[PDB]
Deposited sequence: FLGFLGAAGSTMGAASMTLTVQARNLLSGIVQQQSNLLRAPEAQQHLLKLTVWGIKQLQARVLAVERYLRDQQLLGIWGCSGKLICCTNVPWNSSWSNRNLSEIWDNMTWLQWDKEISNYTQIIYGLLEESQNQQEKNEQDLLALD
């Protein structure tokens, strides 16, 4: 155990060891100068936490720290080998080079969950 963002500089596999220690710190009077700043900090934390949880639920990954999906890696986002990604590279470096493919990746996860959920309903209806 290292603490909040303890594995920030650790490798991806080592960072995935303690994904929860950063997961539980994303959520946790008069109208004076400090009271208003305190109130808008509480509402901002609630909204920011809820937006990520909604995205996970949209992709069918709510309640799971690690979730596998059914959308392919296009090999244009990143062609790096798996060994050097999880043993020689950190999460901060990952987002830097894939900051622009994020939205298209998110959209792919969106349709995959809805497509397979219709398939689950149709298969189960038999």
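Missing from the model relative to the deposited sequence are positions 29-47, 146 (no C-alpha coordinates, numbering from 1).
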